Protein chains: 2
Amino acid sequence: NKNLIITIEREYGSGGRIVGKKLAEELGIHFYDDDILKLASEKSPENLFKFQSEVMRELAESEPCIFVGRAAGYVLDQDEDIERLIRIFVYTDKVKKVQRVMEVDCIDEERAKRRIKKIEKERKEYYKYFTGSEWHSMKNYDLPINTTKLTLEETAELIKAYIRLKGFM
Amino acid sequence: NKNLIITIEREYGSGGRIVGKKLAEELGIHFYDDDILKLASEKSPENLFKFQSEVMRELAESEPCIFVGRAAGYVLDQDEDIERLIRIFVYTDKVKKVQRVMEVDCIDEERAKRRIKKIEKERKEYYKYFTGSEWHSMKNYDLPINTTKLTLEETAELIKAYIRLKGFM
Ligand SMILES: [Cl-]
Ligand SMILES: [Cl-]
């Protein structure tokens, strides 16, 4: 009900996750990502998903928090008990993404391109398989942010600009 | 030009124009839509576009202004002189635009659904024809906005939060 829930999904190379981290700290909200949600599942891949959804909804029911990745926006959009859900998609030019991935993963240009194609494929297919909707589709979000010309900080503040407007802060 | 230029493109029934006008007033800035642009060109379907484009650039060059509609984003983006552009895509869930089209055009659900399909199709083809690119696509905009859960003021306010972040205000 009351709790503020923010879901950030994103293009690989956008820094969506980092933007999620920053934002969790500056707001003091608990933070759950791909890995934590993955390891969570251990605490049929259609079971693994069902399990992971019920976990997501439980957290939300009992805390404010920020989820990153794994069709979190879809899942929580289904939960009619949640009132303060804000769904973000972070996206960016290839040129900027290749440079981030090159640096953050220490690979070259070619390798970086292939990685972006691959993780984005994974994210898209995951989403398609489980929601039946489309990961890269506006309709699935409240606010898609183009960070082509933003710092991750500006980006974080835009999300705060938003939480504030809604009166959730 | 350090002139602030905003371009709003949108799904039919999203109130992209509505939002365009509030901002126009709220900011003390001139406002230009399809129809003014339409009547503008006049005094090929393809000469027509090259003409129209030039008027927008001249308007943008003479003064700060808001454009609603018709590949405004892509066009004003060419103008190398424009130093302060913001490109926005307004959009909304299906229910809400159906309600809007019915109310506004004073027509049925059936006709409202149909007229949405019609107008949007015109907008995709128009866009791809004159830009080579795709109309309803994120990478072509700075800020897509989903108004599904935004009161009008909230929307206008979000666009200004953005302007402030860009330091255009
Ligand atoms: Cl994601
Ligand atoms: Cl449009």
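- Structure determination for this PDB entry was carried out by X-ray crystallography, with a resolution of 2.79 Å recorded in the header.

**Here we look at the sheet that holds strand β5 (residues 143-146) of chain B**
Residues and elements named next belong to chain B.
Then, in step 1: Pairing is parallel across the open sheet formed by five strands, whose spatial order is β2-β3-β1-β4-β5. One side of each edge strand has no neighbouring strand; the edge strands of this open sheet are β2 (30-32) and β5. Going across the sheet, the axis of each strand differs from the next one's by a mean of 20°, ignoring polarity.
Then, in step 2: Pairing of strand β1 (residues 5-10) with strand β3 (residues 65-68), which is carried by four bridges, proceeds in the parallel orientation. Note that in β3 the partner of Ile6 across the bridge is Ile66.

**A closer look at the interface of chain A and chain B**
Then, in step 1: Taken residue by residue, the interface counts 22 residues in chain A and 22 residues in chain B.
Then, in step 2: Summing both partners gives a buried area of about 2100 Å² for chain A against chain B, and 63% of it is carried by carbon and sulfur.
Then, in step 3: Ranking the residues of chain A by area buried against chain B places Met138, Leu158 and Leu165 of chain A at the top, with a combined share of 32%.
Then, in step 4: Taken together, the connections running from chain A to chain B amount to three salt bridges.
Then, in step 5: Notably, a salt bridge pairs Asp142 of chain B with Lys149 of chain A, separated by 3.3 Å at the nearest N-O pair.

**Description of helix α5 (residues 94-105) of chain A**
Then, in step 1: Between its first and last C-alpha atoms α5 of chain A spans 16 Å; for twelve residues at 1.5 Å apiece the expected length is 16 Å, and the two agree.
Then, in step 2: Those residues of α5 of chain A that are buried lie in contact with α6 (109-131) of chain A.

**Observations regarding the packing of helix α5 (residues 94-105) of chain B against helix α6 (residues 109-131) of chain B**
All names here are of chain B.
Then, in step 1: With their axes 9 Å apart at the nearest point, α5 and α6 run at an angle of 105° to one another. Between α5 and α6, the angle falls in the class roughly perpendicular. The residues of α6 that touch α5, namely those facing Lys97, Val98, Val101, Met102 and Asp105, are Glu109, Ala112, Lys113, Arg115, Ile116 and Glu120.
Then, in step 2: Looking at side-chain class alone, the contact of α5 with α6 contains five nonpolar, no polar and six charged residues.

**Structural notes on the pairing of strand β4 (residues 85-91) of chain B**
Residue and element names in this part refer to chain B.
Then, in step 1: Taken across its seven residues, β4 has seven buried, putting it largely inside the fold.
Then, in step 2: Residues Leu85, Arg87, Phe89 and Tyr91 of β4 are buried on one face, and the alternating residues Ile86, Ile88 and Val90, pointing to the opposite face, are buried as well.
Then, in step 3: Direction of pairing for β1 relative to β4: parallel, over a ladder of six bridges. Bridged to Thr7 within β4 is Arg87.
Then, in step 4: By the bridge criterion, four bridges tie β4 to β5 in an arrangement that is parallel. The residue bridging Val90 from the neighbouring strand is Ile145, located in β5.

Conventions adopted
- Residues numbered from 1 in each chain as written, not as in the entry; some residues may be left out.
- Chains lettered and ligands numbered in written order.
- Heavy atoms only, no water.
- Residues with missing side-chain atoms left out of burial classes, pairs and counts.
- Pairing = 2+ DSSP bridges.
- Helix = DSSP H or I, 4+ residues; strand = E, 2+ residues; numbered from the N terminus.
- Axes fitted to C-alpha atoms, helices over the stretch in contact; angles between N-to-C directions.
- Contact = heavy atoms within 4.5 Å.
- Buried area = accessible area lost by both parts, 1.4 Å probe.
- Salt bridge = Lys/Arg side-chain N within 4 Å of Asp/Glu carboxyl O.
- Expected span 1.5 Å × (residues − 1).
- Parallel < 35°, antiparallel > 145°, perpendicular 65-115°, else oblique.
- Nonpolar A, V, L, I, M, F, W, Y, C, P; charged D, E, K, R; others polar.
- Buried < 20%, exposed > 50% of the residue type's maximum accessible area, 1.4 Å probe, protein only.

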